[PDB]
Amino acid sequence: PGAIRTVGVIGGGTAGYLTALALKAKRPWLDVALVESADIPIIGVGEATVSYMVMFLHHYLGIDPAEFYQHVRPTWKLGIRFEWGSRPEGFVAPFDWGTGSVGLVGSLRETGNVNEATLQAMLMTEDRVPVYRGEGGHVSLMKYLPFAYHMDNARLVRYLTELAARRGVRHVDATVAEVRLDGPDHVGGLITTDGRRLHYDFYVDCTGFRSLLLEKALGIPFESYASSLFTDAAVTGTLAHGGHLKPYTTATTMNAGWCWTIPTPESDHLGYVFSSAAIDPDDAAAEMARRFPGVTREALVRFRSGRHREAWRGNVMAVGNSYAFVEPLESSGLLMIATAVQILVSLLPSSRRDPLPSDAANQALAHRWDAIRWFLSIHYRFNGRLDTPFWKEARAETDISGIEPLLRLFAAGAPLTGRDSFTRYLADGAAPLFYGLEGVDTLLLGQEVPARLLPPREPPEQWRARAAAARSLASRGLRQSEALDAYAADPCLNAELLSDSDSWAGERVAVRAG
């Protein structure tokens, strides 16, 4: 009948492949085709992620962790090191927060900074990881301390494409020349440059920034985040690291933006995200080369920060850059693809006659992205590190209006995570899901935004003893490169991460969200 039986995923990036894999994993009766152009290249960049993504890949898509490691060769991300704000040494922003908490107010009072708030924060400052050569073999605390991956993009996409073929996704080589509608909010088919006509019951727009189905064919307008987020290009390249693998992404303040450093086994991958209005791309490249002597110059990529009004209209939903994008300052790109895919796979109707839940999907995604926007806005507003024209404009004119009510709450009594339960609960709704009140507090305290600090409620010497047990675990951790070789040598180390009842990424916790 009108059963939705076929789905065409249009575009093959990480967005396309994540989408096709989920549809096959959860609705294996669907016929799922992934359509991509061998001549229009995929965007090429989003390489760091967040801890949730580890569970998405392994539990939700059922990707074997031994085979993932061998094919993609990921490195570990314990958080982000911010060379950011007016503290000469900057600050670290770790993923752990419950099981790893040592104490934020104690860090600030003992140390004047947030860099001892947690066990991962201390691991970051040591460039070490919570894996230990314990006579016997290895002993890993990774299963207790949430972490994420850095993944070389080319390798990740190759592996996902191999996976799709296994799981019975059909591949179509083709360039879409036109999207033909056959009714108001309804794609009737796709005409390729070579004259084929492709028809599916449902279309997923993963065509990147061009947004061929969502924006161009269905006319869904774009909503700019430009009053908050002023950058619009990036110069990328690579820099040798001598085999020393920093267990974090770095975000470094630059004259007209900021530069990421993302470690892979072969080398560090860099990107100077900048405002075109504030500097010429060549000049940005020259500044990058000067700041990072030895870095190559590989590519200029342009983007715009914002989302479309709608992700899902009619028989089309957009996943990835065809819907929305923000700069990778908090590595939210893959997170939001995964959120969108989970929405589609959950909500996709059984038949064409059914009640279409596009409004709910639209609202859900608008809410999520708009909260990320306001979280990013406070990275810009409060960055006192440099006094260039870009940074003066960012401190004076960044729009923070959507998070201003939470900032006032922080001003009155920080950290928000140290407030009474009711206030914490109330503040929670302004904070991005996933990044949480803890990420807002880290950024605000890290940048020394004026606030009334809360009383420690607990005596100094106590925090101090927690601090020492943590520091001692931290400096005894292995160096990352050794630890990764241990994981490759013992596949049963990843398998414990996923099975264990007490793992942060265990089967138990997985079920409790997907």
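In case it trips you up, residue 1 is the first one in the sequence shown, and so on.
- For the two regions 233-241 and 134-142, the entry's Cα B-factors average higher over 134-142.
- For the two regions 202-210 and 115-123, the entry's Cα B-factors average higher over 115-123.
- Per the deposited coordinates, the residue with the largest Cα temperature factor out of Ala217, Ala154, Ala177, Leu356 is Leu356.
- Of all the options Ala469, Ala33, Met53, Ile63, the entry's greatest CA B-factor is assigned to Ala469.
- When the modelled residues of the chain are ordered by their C-alpha B factor, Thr264 lands in the middle third.
- Split the chain's modelled residues into thirds by C-alpha temperature factor. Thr14 is in the middle one.
- Sort the modelled residues of the chain by CA B factor and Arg385 lands in the lowest third.
- The PDB entry assigns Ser421 a C-alpha temperature factor belonging to the highest third of its chain's modelled residues.
- Among the modelled residues of the chain, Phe147 sits in the middle third by CA temperature factor in this PDB entry.
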